[PDB]
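Here's the structure, in C-alpha cells; my notes come after.
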There are 6 protein chains.
Amino acid sequence: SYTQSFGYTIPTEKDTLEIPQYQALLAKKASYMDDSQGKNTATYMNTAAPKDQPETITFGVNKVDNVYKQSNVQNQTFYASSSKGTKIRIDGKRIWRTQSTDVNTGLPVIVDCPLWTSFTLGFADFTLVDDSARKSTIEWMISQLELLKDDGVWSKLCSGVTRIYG
Amino acid sequence: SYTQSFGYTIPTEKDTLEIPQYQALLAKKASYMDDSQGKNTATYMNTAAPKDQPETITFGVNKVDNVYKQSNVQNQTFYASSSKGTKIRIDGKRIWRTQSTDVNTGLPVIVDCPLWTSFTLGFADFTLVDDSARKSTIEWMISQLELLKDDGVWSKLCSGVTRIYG
Amino acid sequence: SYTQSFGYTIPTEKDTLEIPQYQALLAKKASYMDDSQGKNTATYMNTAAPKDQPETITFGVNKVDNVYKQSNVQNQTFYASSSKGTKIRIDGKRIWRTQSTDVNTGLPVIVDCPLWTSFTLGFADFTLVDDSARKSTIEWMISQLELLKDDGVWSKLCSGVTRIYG
Amino acid sequence: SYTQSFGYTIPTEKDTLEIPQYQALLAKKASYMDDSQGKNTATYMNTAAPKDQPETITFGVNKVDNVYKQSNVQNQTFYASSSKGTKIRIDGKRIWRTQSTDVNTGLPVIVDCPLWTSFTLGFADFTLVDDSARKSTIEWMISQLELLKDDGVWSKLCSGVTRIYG
Amino acid sequence: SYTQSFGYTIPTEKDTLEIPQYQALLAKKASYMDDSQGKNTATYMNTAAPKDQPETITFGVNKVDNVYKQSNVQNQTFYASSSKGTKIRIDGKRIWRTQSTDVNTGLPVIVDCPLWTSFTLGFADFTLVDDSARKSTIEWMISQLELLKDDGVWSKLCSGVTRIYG
Amino acid sequence: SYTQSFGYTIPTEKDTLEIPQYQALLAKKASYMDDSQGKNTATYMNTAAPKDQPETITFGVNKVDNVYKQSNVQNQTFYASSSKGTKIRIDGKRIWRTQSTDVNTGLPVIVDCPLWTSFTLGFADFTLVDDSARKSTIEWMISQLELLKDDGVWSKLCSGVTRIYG
C-alpha cells in the first residue's frame, strides 16, 4: 500500500466561491479564429461581446522536455523514470468599457481600457500524476488568490505588494 | 450615469466552487526566501510541507509600458496622458509525492514528480479600472476552467486538446 | 563635570505646531511591500488611501564610514575616537487628487498630480550622542521650516527663493 | 464643486509639537556664505554658534523634468502641456560638542561629534497644487516621525530598525 | 515494522533550564543587514542594543555532499541510498561592555570586550530523519553543557578542561 | 563605579526547556578515546550506545590571539589592554539508526544515517568577563533556537529558511 500526497494533508476547511458562469456563455458563443499565437495554440473569439469590443481567449499546450530542472526536488533518487512533462496555458484578453452619451453632442463618449489574464498548469507526464493531483493544484492556485476577502492577496498584488506574507 | 461593462451583462447564473483552504494553511506556515527567482519578486517557502518535499510560491508585480499595443481595441477618442498598466503574477511550484515501503526491506521507496501553476492578471492603470473590473476578470478565468465537470476544459487541455471549443 | 551643547543654549521660546495625526492613521493601515528601494530599505503601502490612488512610505538606514569628512569641524583634535556614523532616511510618495464629475458624461473627471517628501538624519555613532541631541536636531529642521507663517521659509523655497535670509 | 484630497480625509486628531524657536535665532544671526556646496543653492552660516563650532544651513531649489515617472499614479486622462515640477531641499549641518576641563591641567578637553539633517519636498508644478496640498504633506512627514513618543518611529530608525511598521 | 533509535532509550529524567527570552526581544528588534557572512547566509543586526554597542546574529544553511564520510559509521553497507545531507549554522557576535566615567574628564571611559557563540546541526538529508531525531540531538548538545551546575562542563571548558570525564 | 552590560537589560520573561538528561547518562558511560580530533582536543566514546552504533562527543579549547579583530566592535579605543581570548568547542557525532528484518532472510536490514552537532563559545580573556556574562551568552544561543514552538527557528533552518525574521 503506497500513499501519495502533496506533502501535507489536504485542508478539510473549504472556501466557497460563487463564480458567475462566464465559461458557459463563452462556450455557447465562441467562434474559431486564427491559430496565430502558436501552432499548438488555438485562438477563439467570443461572439457575445459586441464587434467593436471583442473578448478573445486563446488555448495552448506545449510539451516540456524535462520537468525536474525547472522544479525543486531535494534528491536525485526521487526522480521518476521519465522527466518528460506537459504544460497547458489559457490566455484571455478582454476589454473594460465605460460609456455614456455627451449632452452637447449626441455622439456617445466611450473609453475602454484593456485587461488580460493567463492561467498555466504544468505537470510531469507519469502514470503517478492523477487528475486528482492536477485538479488539486488548480484549486491550490485559486485558493491562493484569497478572493473571499475584498482587500486580500489579489488586491495587494494589484496595488503593488511584492512581499505579501512578510 | 455611465454604463460600464465588459461588453455583455455579467451572467446571473453562478457555478459554485468548493475550494479547499490551501491558502490559509500556506499563509500560516509561509516563510520568506531570498528572491533568487526574480529581480522584482518575492519567493516564499511553505513550512507545512515536509522538509525533503518543499512547496514554494513566488509573487511578482511588474508595470507595463504600453497596455494598448498588445490588446485589440478600436483605438479610441479619449486623451490619455500615459497608457501604462500594472501586471501581477503568481507562480507556484509544488511536488506530488508517491511513497511506499519495499516489502523486501523495510526502508521505504519514494517517487515524487513535480507540478507547477502560474496565474497572471494585467490591467491598464486607469481611474476607471475598478475592483469590480479586475476581480470580475479573475473570476472569468476561473470559470473558463470548467472545474465542475470531471471531463472539462481543464482535463481536455491536460489531455492535449488545443481546439477546446471547436 | 562636562557640559555638552550644540554651541548655543537651546532657545527658551517655543513655536507650537498643531500637526494632524497622519502617522497614527498610516501606522494602523500600513501594509508591507517589497524592499525595492534598498536592501536596508523597507517600503510600505498605506491601505487607508484608495487602491487607485496609493500613498507609500519607505524607510531606510545606512551606515556611513566617516562622518567627519562630510561635516565641518574646525580642528582635528576634536575628532572622536571613531568617526563611524549612522544615517536614517524616511521617504514618502503621495498623490494630490482633484476630482469632480462631468455634467455631460457621468464619467468622473479626475486629475491627480504627485507630491513627495523626504527626511534624513545622520549622526556619529558615539556614546556622546544622546537621543537628546538627535531629537533636538530633528526639531531644529522642523523649526527651520517656519511653518507658522503662511508666507514663510517653506513657501519661499516652494516659490523658488534660493537665498532665503539674504 | 470639486473634492480634492490626498485619498483620505485629513485626520481631525492633532498631535501638538512644542518645538524650540531654533529658526528664529538662526534667522537673526544667519550670515551668507559663498555657495561652494551647490551650483544652484545658497549656504548660510549661523553666527550664534561659537566660532570654533560652526553651524550651517543650505537651501536649494531644483526643477524636475518629469514628475510622473518616479511617482506611482494611474496614468490619467487630462491634458498636460508639460509635466514638470519643483523640488525644494534644506540641508543643515550642526555639531554636538561635549566639553570638560582636565582635572590635572586647567586647559579644557573637547570632543565634538557631527550631526546633520536634510528635508526635501518635491511637488508637480500645476495650478491645482495648493499651499493646502504642499503644507499638508510637510506636516505629513513631521507626523510620520512620531516625535511625541520617546520610543518612537524616529528612535527605531536611529537604532537601526528598517521594517518600522511591520 | 522498522524500529529506529539513536542507540539508547531517551533518559526519562529531565533537567529544567529557565532561559531568558533573548530570542523574543531579538526577533522583535532584528533588522536585516546585508549578507556579508555568506552566499546562503543572512546576517541580522539587533536594534535593541545601542548603535555603537551592536549585537549581530547571522544564519546559514549549507548542503553537504556526503554526510557519512565526515561522521563515524562502522560498516559501509548501512549507508543510506543518498548521502547528501543538510547542515544549519547559527553564528552570534555580541559585546560585553564595561563603562565608567573618567575622574579627570567627564567623558566616559568605555572598554568593551567581545563574546561570540556558534551553534551547528548537520543531519543526513533522507526520509528516515524526523524532527524527533533533529530536535533530540539539539537537546543533546544543550544538556551536554551541564548548565545547571555552576562549575560544570561549560565552566571547565572555559577554564581549559579538555578531558572532562577522565 | 563601573557599569557593565551586554547592551540591553536581560529579559525578565523566561522560556522553560525540559531537556532530557542526555549528559548525565553520557557522563556515567563515557570512555576516553584517544584525542584524534585535535592536539588540545579530547574525544570521548559513549559506551551506553551499542558498539557498532557509536556516539562520540569531543571537547576542545583553543586560545585566539586577537578577539577584537574577528568580532565587530565599532571603535578601536575601547579595545581592552590584551586582546588574547579563549575559545571552547563541543563537537558531537551520533547515529540515527533505522533497522528492520529482511523478509527473505532473517538477517536484519539496518540503515543508519548520521547526525552531528557542534557548540562553540569564544570570549575575550580579560578580567572583566564574568561567568555571569558567559553563561548569559550560552543561554542566548539556546533561546535563539526557539525550541518551544515546533515550526520555529530551528525547523526553518533545517528546512532552509536563511532569512528568518525578514
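Within each chain, counting starts at residue 1; across the C-alpha cells, chains are named A, B, ... in the order shown, with ligands numbered 1 upward in that order.
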| request: Identify every residue of chain C that has at least one atom within 6 Å of any atom of chain D, counting only C-alpha atoms, and report the result as number ranges by chain. | output: C: 2-8, 11, 13-23, 41-42, 49, 60, 74, 78, 80, 88, 95-100, 114-124, 139-140, 143-144, 157, 162-163
| Residue set, segment 62-163 of chain D restricted to alpha helix (DSSP H), as an NGL selection string | :D and (67-70 or 131-144 or 153-159)
| said: I need the residues of chain B that end up classed as strand (DSSP E) by DSSP on the backbone, written out as an NGL selection string. | reply: :B and (3-5 or 14-20 or 30-33 or 41-46 or 55-64 or 85-101 or 108-124)
| task | Could you check how far atom CA of residue 69 of chain A sits from atom CA of residue 39 of chain C, in Å to one decimal? | result |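 Taking atom CA of residue 69 of chain A as the start and atom CA of residue 39 of chain C as the end point, the length is 29.3 Å.
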